[PDB]
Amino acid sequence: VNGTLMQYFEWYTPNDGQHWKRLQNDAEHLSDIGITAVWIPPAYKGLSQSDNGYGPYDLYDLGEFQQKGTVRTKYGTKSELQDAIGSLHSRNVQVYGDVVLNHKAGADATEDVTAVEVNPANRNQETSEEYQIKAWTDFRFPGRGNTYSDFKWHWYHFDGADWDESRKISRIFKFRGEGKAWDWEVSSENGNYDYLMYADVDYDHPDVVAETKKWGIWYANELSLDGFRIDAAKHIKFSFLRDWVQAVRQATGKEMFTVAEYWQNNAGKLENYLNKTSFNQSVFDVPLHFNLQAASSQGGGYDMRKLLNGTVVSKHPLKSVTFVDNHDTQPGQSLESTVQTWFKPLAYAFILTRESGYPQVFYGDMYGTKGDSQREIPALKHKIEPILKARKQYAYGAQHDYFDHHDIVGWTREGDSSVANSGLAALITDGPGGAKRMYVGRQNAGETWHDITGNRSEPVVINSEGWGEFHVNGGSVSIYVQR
């Protein structure tokens, strides 16, 4: 069967402590619509109860120790999460855990440290003389004590920070110490983009490397994870991420599928990451997200023949995870760049019914976003589900592309003899509607095909040669399959 990933959270999921129970209760539904793997949000204790998990405090607290005034994380307790994972697994759905390793937040106390300021546009340049600051670098885990791991963190396990408690000023501070320097290789944006926020972990320190590997193995075994999603990958030493993945694979004996979030709209820099990690993990196709967004915002003016230009999926199809929107690009967020609603079904048709890439459905698109703007994403589950059924049951076999018009483009799938009644013909348009003659295979000659989306009510008959004339409404999508 075709695999399909689901990101199971949005930025505004409520802080009610019931997200793991929600996942548990949705397992049958997700397995029925064709989801084969779920990516869950960071499951460890953040700097406060309401943090989404991207300001992690203790990676070994999955919601069972009293720290930061709460036992549970925003999402629920550890046993609720283990029950949700058991429910997905008994329905043959895999679970990928979010991995947040670039920084630590919420230290228990400050320490005195010698530091220098660096230029924010070129972090290789020191712009001050050294002086003393008070940084939030002492991590002692008072509610956990030594359970699972007796490692304690100090200033010398980090490369820098962004706050001095002494003078109350925010700058990019590089710490002075034995062999201290920003890590390499990382993105060369801003000269060296090792530093992002909070306390930056030093992946040049050998005890840090060894402890983080040990934690990885622990995490995968404690939750029976099947894979990982790597946060902020362009800010972490590449050869460490390559080796960390390999050590978890070695120790568990599992495939451990892994996809890294390398956020940059540039195929060439994404290819460099693949090469530097030996092709041992996939990346999200950031350039394809931007092309889909562009088409959605030009009111019919985009040249649809160019949708695949500059994307990772056209170059390295087996190492790309395709997506429409996520918690970074939804309304009101940092990297806001939402695909407009009218084009969203066309974009899901594009990523779910084509043969290359591993596609991700976003929770925020299925169920709606609960942010406070006036342009939240509405619940589109009734428009997306017919497209998921087309992926599950009909998108198999040889593909033929028709990227030959500036508005109306399409593709077909001939079907596979081992998947009964498989085969489809898809058309999308960013402008007025119309028709296109396309080939679906001579083995489907004489059949009645119909639009599974319901956008068009008239069926189409495949001629004796295996060709059919398919239609599509203005600014819409049609997917024809065997009636």
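Start at 1 with the first residue shown and count on from there.
K.L.:
Looking only at CA atoms, which has the higher mean B factor in the entry: 294-302 or 182-190?
P.N.:
Averaged over C-alpha atoms, the B-factors run higher in 294-302.
K.L.:
On average, which has the higher Cα B-factor in the deposited entry, 133-141 or 376-384?
P.N.:
According to the PDB entry, the answer is 376-384.
K.L.:
Would you mind checking which of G63, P41, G433, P56 has the top Cα temperature factor in the PDB entry?
P.N.:
That would be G433.
K.L.:
Given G310, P359, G227, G364, identify the residue with the highest C-alpha B factor in the PDB entry.
P.N.:
Comparing C-alpha B-factors across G310, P359, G227, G364, the top value belongs to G310.
K.L.:
Select lowest, middle or highest to describe the third in which the CA B-factor of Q49 falls within its chain in this entry.
P.N.:
Answer is lowest: the recorded C-alpha B-factor places it there.
K.L.:
Based on the deposited C-alpha B factors for this chain, I'd like to know if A251 is in the lowest, middle or highest third.
P.N.:
Top third by C-alpha B-factor.
K.L.:
Ranking every modelled residue in this chain by its Cα temperature factor as given in the entry, which third contains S476?
P.N.:
Answer is middle: the recorded C-alpha B-factor places it there.
K.L.:
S282's Cα B-factor: lowest, middle or highest third of the chain?
P.N.:
For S282, the deposited C-alpha B-factor lands in the lowest third.
K.L.:
Using the temperature factors of the C-alpha atoms in this entry, rank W20 within its chain: lowest, middle or highest third.
P.N.:
As the PDB entry reports it, the C-alpha B-factor of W20 lands in the lowest third of its chain.
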